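What follows is one structure encoded as structure tokens, with my remarks underneath.
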Amino acid sequence: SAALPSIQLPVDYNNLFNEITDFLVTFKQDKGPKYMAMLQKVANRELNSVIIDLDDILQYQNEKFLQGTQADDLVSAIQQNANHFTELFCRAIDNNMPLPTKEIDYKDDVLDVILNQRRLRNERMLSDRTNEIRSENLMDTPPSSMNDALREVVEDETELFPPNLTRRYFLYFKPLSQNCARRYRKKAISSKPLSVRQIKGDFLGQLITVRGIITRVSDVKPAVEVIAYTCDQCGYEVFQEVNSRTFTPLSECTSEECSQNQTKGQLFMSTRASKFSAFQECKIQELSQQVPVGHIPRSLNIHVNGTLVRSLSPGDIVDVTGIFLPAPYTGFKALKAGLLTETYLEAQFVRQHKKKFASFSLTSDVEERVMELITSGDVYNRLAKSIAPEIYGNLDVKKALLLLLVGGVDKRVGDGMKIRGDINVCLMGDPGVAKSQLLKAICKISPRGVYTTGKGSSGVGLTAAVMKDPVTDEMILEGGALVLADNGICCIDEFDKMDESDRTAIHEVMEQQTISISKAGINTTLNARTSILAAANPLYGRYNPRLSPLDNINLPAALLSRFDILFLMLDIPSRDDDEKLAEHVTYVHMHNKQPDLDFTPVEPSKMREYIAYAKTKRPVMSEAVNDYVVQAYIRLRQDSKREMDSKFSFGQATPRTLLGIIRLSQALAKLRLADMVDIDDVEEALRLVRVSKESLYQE
Amino acid sequence: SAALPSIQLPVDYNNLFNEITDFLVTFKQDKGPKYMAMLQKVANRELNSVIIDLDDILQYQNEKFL
Amino acid sequence: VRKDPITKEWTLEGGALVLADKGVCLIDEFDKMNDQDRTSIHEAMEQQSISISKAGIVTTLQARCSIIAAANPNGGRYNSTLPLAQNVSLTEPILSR
Amino acid sequence: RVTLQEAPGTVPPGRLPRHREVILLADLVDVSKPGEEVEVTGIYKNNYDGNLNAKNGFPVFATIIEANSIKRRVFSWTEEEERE
Amino acid sequence: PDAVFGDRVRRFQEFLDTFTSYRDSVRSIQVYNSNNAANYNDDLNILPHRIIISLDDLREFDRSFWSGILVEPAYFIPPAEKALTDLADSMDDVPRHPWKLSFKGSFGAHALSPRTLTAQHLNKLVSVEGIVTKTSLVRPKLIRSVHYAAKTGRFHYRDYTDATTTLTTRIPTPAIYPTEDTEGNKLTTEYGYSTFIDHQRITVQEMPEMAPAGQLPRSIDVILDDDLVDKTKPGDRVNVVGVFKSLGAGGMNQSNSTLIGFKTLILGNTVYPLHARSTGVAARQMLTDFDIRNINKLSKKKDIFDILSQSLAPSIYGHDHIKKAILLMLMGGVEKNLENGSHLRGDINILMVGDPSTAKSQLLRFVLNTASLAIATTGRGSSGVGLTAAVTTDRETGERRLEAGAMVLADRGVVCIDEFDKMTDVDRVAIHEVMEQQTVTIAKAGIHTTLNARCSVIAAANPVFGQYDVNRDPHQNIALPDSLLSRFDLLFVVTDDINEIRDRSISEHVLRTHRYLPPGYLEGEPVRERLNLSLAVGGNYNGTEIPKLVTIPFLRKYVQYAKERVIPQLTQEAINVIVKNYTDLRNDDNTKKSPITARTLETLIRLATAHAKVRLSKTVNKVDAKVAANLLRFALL
Amino acid sequence: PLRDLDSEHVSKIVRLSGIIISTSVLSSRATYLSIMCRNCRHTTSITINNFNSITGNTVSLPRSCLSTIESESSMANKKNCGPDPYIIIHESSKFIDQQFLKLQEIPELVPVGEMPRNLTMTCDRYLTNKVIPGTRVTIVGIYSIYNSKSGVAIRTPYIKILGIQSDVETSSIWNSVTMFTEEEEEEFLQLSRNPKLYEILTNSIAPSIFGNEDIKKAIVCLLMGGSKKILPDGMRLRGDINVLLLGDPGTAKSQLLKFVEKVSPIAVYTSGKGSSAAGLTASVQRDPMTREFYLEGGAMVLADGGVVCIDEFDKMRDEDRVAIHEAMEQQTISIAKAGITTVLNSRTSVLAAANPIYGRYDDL
Ligand SMILES: Nc1ncnc2c1ncn2[C@@H]1O[C@H](COP(=O)(O)OP(=O)(O)OP(O)(O)=S)[C@@H](O)[C@H]1O
Ligand SMILES: Nc1ncnc2c1ncn2[C@@H]1O[C@H](COP(=O)(O)OP(=O)(O)OP(O)(O)=S)[C@@H](O)[C@H]1O
Ligand SMILES: Nc1ncnc2c1ncn2[C@@H]1O[C@H](COP(=O)(O)OP(=O)(O)O)[C@@H](O)[C@H]1O
Ligand SMILES: [Mg+2]
Ligand SMILES: [Mg+2]
Ligand SMILES: [Mg+2]
Ligand SMILES: [Zn+2]
Ligand SMILES: [Zn+2]
């Protein structure tokens, strides 16, 4: 009819499906084909997700071009119609599925045995129908023709479980990289990361990559795709698909046996036989450098389904590649104009800008780079100088910041009590010593780094607050900055300007690594394992030698003792050092880079993977280093007793200083990638402790 | 509106009405004009029908062309 | 100008000073008023009118009200050696009226 | 519509004062200001509400008093008051 | 086909033939699109299909057709759009979306406000100026849906229309979403082949400058389409040109049965973001070739720094080095972003402290009036939430959302802070981050963000004793934290010292300024005030066309050109000078008003870069470093 | 009075005085509307001249097509167009504006234990936008009835406004008039030729206040003001004068302030801490109906182009202090809140009075 007219499009799904089937069995990356081995792993219940890489498809098409045959542009068709090609690829995979070599047993998943029973039921239905029709023997009469016709009549007569109900895998499209597109003169919109402002309505239905920071992640919930009902009257299982935010259930049976009969059966839901998906809704926010001048950053919804859940956490700079799809309109009915649709990005691939330390694996690629960095020589000094190559000097400051990034070994004792392994570092000094720049650099280096202001972050912005999640429809506790920097370095600039509630929160966090909140909302204890780096000024804004160091440091004795290292950063005017500082800063301003060409600074990703490898080690301490540490602690306590009355006092020596020495020695042993702690590590830790305060204050 | 659209036709009913009036006033077949005496006979209740001859109109048009 | 939570309508209340127009206003514990009531009282005895600019309503209301106030001395006991100015929390402009 | 509350001098010690809704007809409007004690005679009848009360779970009815008369339990001076 | 529609199409075709500017504007748009398409084919941006139309030229051509568009746009605008589409397709024969129209020029009685809009202006083309308060999400609206039938392997489609796209109303025919075709086969939706057009609605209320001071303001809703979405943000001053339309039936149906009335909204054809004083819209202006030639001629002069500085505020006597500092701040310097994500400041902060009635607030008001994106702030009036940002709750989405404060809205601009000494401590701690790290970090309940706040700051302070005292040390006179003084690039102490000759000069200057008459004004006539609204594209009185001193509108052209065009680079001849001056200043013995830190070297670099931007020079020279050092030495001593 | 409205006044013209709380936005009603049948293509016109009803459509679109009952065509081409087949052709329809007002009784005369009562009013055409909220008006109108969906047969009353008379007219920039009659111009020029104009204008300033002649001269100079400037460089120099009067109590300073407030064309009398509920300087609050920033009030913005008489200038808040400073020299107020940033004109002459500490002025 002319009510639904037709158009001619360049796309033809038959030859594209044939190309997909040829690609899945022909592509060999340079045991046999790659995706055939992947499907063999899936069929053996060893893999749950199939990731289709568009780089492989582009390589396949280009090789087919080199042999000279004609192959359609499957990559661009996937880039423009990813929602259809998901099901096309799933059907192509289901067409040629290798048989499982492993036999099913009692240790397999419930879904696996359910799908196996469904497959066996399908074969038994086909066999029973073929046997029945062959036993009827209608014509009593070309064996191949009659076998083919019997196969078709059995296939279209029976009611089988559809392939959607027998799939144990999730299929995702990995975007093609920019490098492989650069090699072969390809211009891909999937490779280029877009901000949430630049994703317009003409990008709908496409596989696109969005770059941004994750702000909120929903809890993983079972979102049903098809509901299974059972009927006691006929024994059929009735499956109802669901593709909306809400559904209505079936009441009367819709199977053929009940539909033909006068008495209809009643359906009952079976939760185990129905099909669910792990569902998360995430909010991605525009990055600060992507927002135009004077604008507010925008947000985009991401739908995470299947095995990609729990791969997104708040505060993560991330590239999320997914299909831009429309949604039903949510809002006031009076304000809608036409067929307005909301937008979401059904996530297919997740790329982390800063790889997490817990996700580190000793693969073949990281091993050669770590070994190269080891054999380059002097890894400790080279890693220290490369934290902030822009900032001249402050070698010991950068060394202790690198130890802050690495951290010591946490201790768990069998009685249940714990001793923290994270180092806490304070940087107090006169203005103009670039401590804020160092804090920002440490935030950039660490995978989980939160930069806060002493008055910018309040009490509710540090600990927690109860809020309602509408997608899961439940009240959840949204954490603050200390929660957001869990198992990471939290940097607090302007530490001296904080109010007493934030001081109390940090006072509990630096020792206990927990926050205990007992308010009208919730009575809970939450884990905050932040390693805390603070920046601070004295009383008057400037250091004066007239007062004692304890006098001009506004810091109580307990929270002073919680800091493992405090760095006085005094701006002493000297003619010789100002020459070097001026030429360094001016070279940085002129050639837009570090002046020293005698060594190559380590890249932040290289530093991140080396620190990740160093954090895996758990060094122990022998008897000799224990005696050395004990004697050093005794001498430190005696020196603090002697200097307590004098004006050179920096506090009182504390068992926390003993723990700080042990922690710094363990971090230095970790940086050597060693399972043992030597004497020289303890000497370096004690040297750092001494040059933290006494060396610079004495001068 | 577009439910009752318009078309342009060569006929103009204003200049045609003016030509009709000029024909009724100034036509002299060869006491005074023919249709002016016919209208005087109608007005005196001596005539009940007015017969318009298209031959007279064609004569009027060809004299105007002359 | 106050909104009823249930009736969902606005009401313009003149207060005790406007409501006592051509009458008398009886203020108990005159010493311990807050700043807003003190400003209202000063405006009522100064111009005998109260000006409001709230919720789009900008107007003036007549407050020609006689005021009888009751107050306690500072510390709860009057001091005869000290004058009345330092025996109350009331300032000079509100006391002279 | 006038809310009538029990006067606090007559309430039993531990108990709360009860209240009723009194409906005033054409000539009885604006005769009783709030905060004053009145004595009202009227028909004690049953108000009708749609679908009763769902919160209680019982067929509970509300009651009103349609006032037939109101008696109260003025700065007007006469000529005798003037000469006094 | 309609006869009057065709006649109006022919009339607008004749109008477009008369004025060739619209024709070759269409041609320029088409060749730009074709060049981008060819560049994408061989090795990007696309221009929208709409043309700005001057209503004054149309009134000169055909007054009847102009009044037809203004009074009844539903019958006249679609023929004009059809004629424009036909002309564009006629020039596109050698190399698909229909062309639109945008209107500019004087509207007369149709230049209204949201308060002035009544229903007599309904179904008319109106220009409404106001302030954007609410900006809804840009949502895609489905126009054509494409579906695939796998049994037959055929692609079907359906077109959808509503009342907000077309000016003239038609019969509403609701076509449902096709999920099965005529023969009953399953249809699968082909996303990526369907057509979605971006749709937005904004709420424009009257500007508080001409809103009445007492009562509530009035607002209207404006519907914007694919090429007009994201042209505005809340807080902008706008002029929206569009048809004031009414939609639906005002409860006259039996199903509807309420008194909302007929819903009224503007089908926006044109959105102009206008620049007002202390708003979020940056003042931009068209640079002609004559102006660029004049700027280049002034760039070659050797006294140009002394000309632009003295021509800033000629009504204020003295304070010449303050004028130089303000000019170098308006130049803005150059910021550095390294490969490791580090950011280095470019902007210059100026603090002035001293005696009252020393032309401090007048200088602040001048910089507010003459800068592109200057925003005025006072001390105790603004707070921590009003300066950096605040958090509110969206009504539609139900989630928290951000309000950008004074310092965020002045990104790449100037923040003019008056009465700096009376600010609260929390404000000081908040602005410690903004003056140096150039960002605002928000860590609230559920929201952790970082907003760019790249600004220049002018502050005016007052000594705690009321008047500056010479014999007292400056630390007690200023009474400000050392960190705050380190943040500011230049600090100027102004003293109202009394001298007879100097006071005679001040009095003569003030009286000569007070003997001024505007051109075209009588002796007794009072000067009228017109509120300054400018469109954002993309003691001698007779200073006109660079005679001795640069006039203010040309000075803004010079500043804008120097900001966008030239980005100077350092060279070793200036480097030796700035290193010598900085290392000398760190080791000087004389007492200075401002303390000396490592930031002073960067102030030297920024001032040298700004002076290079004054000279329109690709590089920083030795004389630039000398000027930068000698300007800072006055502020220090 | 509003409390005396009974059921005997229903559908009768009544005159009632009161104050106005809120004026609603202008709704769009239809006077002439052209309609077209959905499929029948029948065109009809409805002209409505009764716009005074609320909560109910007294005139609506017809429930069925009118082509069949008319039998207009001799051809007459069972066919049913359906229920409600007419659509409104908006481009050929005529509309007007309609406004809802809310009028309360005078708050001066209200029982102490009672919430004051109000009525809803409907006005249309040239009666809309004639009043601002807060003004005291006398309304002539029809006391009438609407049913809003507490009594089995109960109705909500309202007022059909037929005419509005304002008892007093507030003074502002938009309410100011600049047109002058010719006889007033002749009188004003004839007054100016008097050589003793300074003496008559100083004597006319507060004739009931004995002495303080120089202060009266100051008041005259305050009332005239100076010449405002717009200089070519963009900076403006003010012409308004600021006069402070500080001294011992009981010296007619407040009386001079009140006289200046009464004699000025636009003036606001306020204290240092503002009014009872009217703030000082400029107050930006959210709209009560749309939660959006707008300028609520303040003495210096309500009296732009006029005089603010600030009694008790010494007791004052710090934000008020800095805003008053910016209003005295720059004659503008700069408000930079979280959502709105603006600089708005505050061109006002400031006349302030203060009292010295320790009671009387001390000569030492
Ligand atoms: N040793 C250094 N090397 C390089 N740059 C430096 C050095 N010391 C200071 N700077 C620069 O001086 C400026 C000081 O900025 P900040 O990092 O804010 O210093 P600061 O110590 O944080 O001052 P505060 O915030 O008052 S404690 C920055 O531009 C730094 O890059
Ligand atoms: N010279 C005068 N001529 C006439 N009336 C006067 C004179 N001096 C005072 N009064 C009256 O004395 C009373 C005192 O009130 P005001 O003097 O106006 O108050 P004020 O003292 O000026 O202001 P303060 O200091 O805030 S109480 C008023 O009724 C004045 O009218
Ligand atoms: N050097 C000067 N040249 C010209 N006018 C001046 C000068 N100094 C002060 N003024 C005048 O003094 C008045 C007071 O304002 P301003 O000086 O800006 O106050 P502040 O110095 O407290 O900011 C201004 O109107 C200004 O015209
Ligand atoms: Mg800092
Ligand atoms: Mg000033
Ligand atoms: Mg007084
Ligand atoms: Zn069944
Ligand atoms: Zn019909």
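In order, the protein sequence lines correspond to chains Y, X, L, B, G and H. The C-terminal residue of the first sequence carries number 724 in the working numbering, and the numbering is unbroken. The C-terminal residue of the second sequence carries number 76 in the working numbering, and the numbering is unbroken. The C-terminal residue of the third sequence carries number 312 in the working numbering, and the numbering is unbroken. The C-terminal residue of the fourth sequence carries number 86 in the working numbering, and the numbering is unbroken. The C-terminal residue of the fifth sequence carries number 640 in the working numbering, and the numbering is unbroken. The C-terminal residue of the sixth sequence carries number 365 in the working numbering, and the numbering is unbroken. By construction, the Cβ of each residue, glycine as well, lies at the ideal position given by its N, Cα and C atoms.
Exposure of residue i, with buried meaning 16 or more beta-carbon neighbours within 10 Å
{"i": "residue 79 of chain B", "result": "exposed"}
{"i": "residue 160 of chain Y", "result": "exposed"}
{"i": "residue 598 of chain G", "result": "buried"}
{"i": "residue 505 of chain G", "result": "exposed"}
{"i": "residue 192 of chain H", "result": "exposed"}
{"i": "residue 105 of chain Y", "result": "buried"}
Reference residue i; option with closest CA among the options
{"i": "residue 61 of chain H", "options": "H/86, H/72, H/73 and H/70", "result": "H/86"}
{"i": "residue 360 of chain G", "options": "G/347, G/435 and G/501", "result": "G/501"}
{"i": "residue 271 of chain H", "options": "H/224, H/312 and H/9", "result": "H/312"}
{"i": "residue 127 of chain H", "options": "H/207, H/52 and H/8", "result": "H/52"}
{"i": "residue 355 of chain Y", "options": "G/22, G/400 and G/249", "result": "G/400"}
{"i": "residue 223 of chain Y", "options": "G/454, G/233, G/224 and G/207", "result": "G/233"}
{"i": "residue 327 of chain G", "options": "G/315, G/320, G/336 and G/141", "result": "G/315"}
Proximity test, residue i beta-carbon vs ligand 1 heavy atom, cut-off 7 Å
{"i": "residue 598 of chain G", "result": "no"}
Residue i CB to nearest heavy atom of ligand 2 below 7 Å
{"i": "residue 208 of chain H", "result": "no"}
{"i": "residue 327 of chain G", "result": "no"}
Distance cut-off 7 Å: residue i Cβ against heavy atoms of ligand 7
{"i": "residue 184 of chain Y", "result": "no"}
beta-carbon residue i near ligand 5 non-hydrogen atom, thresh 7 Å
{"i": "residue 312 of chain G", "result": "no"}
beta-carbon residue i near ligand 6 non-hydrogen atom, thresh 7 Å
{"i": "residue 249 of chain H", "result": "no"}
- Going along the segment 212-223 of chain G in order, which residues come within less than 7 Å of chain L, judged by CB to CB distance? Cβ contacts with chain L come from 217, 218 and 219.
- Item | Residues of the segment 254-282 of chain L whose Cβ lies closer than 7 Å to any Cβ of chain G, in chain order | Sequence-ordered contacts of the segment 254-282 of chain L with chain G read 268, 271 and 273 [C-beta pairs closer than 7 Å].
- Between the segment 73-98 of chain H and chain X, which residues of the former have a C-beta closer than 7 Å to a C-beta of the latter? Using a CB distance below 7 Å, the part of the segment 73-98 of chain H facing chain X consists of 90, ordered along the chain.
- Task: Output, in sequence order along the chain, the residues in the segment 121-141 of chain H whose CB is closer than 7 Å to any CB in chain G.
- Result: The segment 121-141 of chain H vs chain G, Cβ under 7 Å: 133 and 134.
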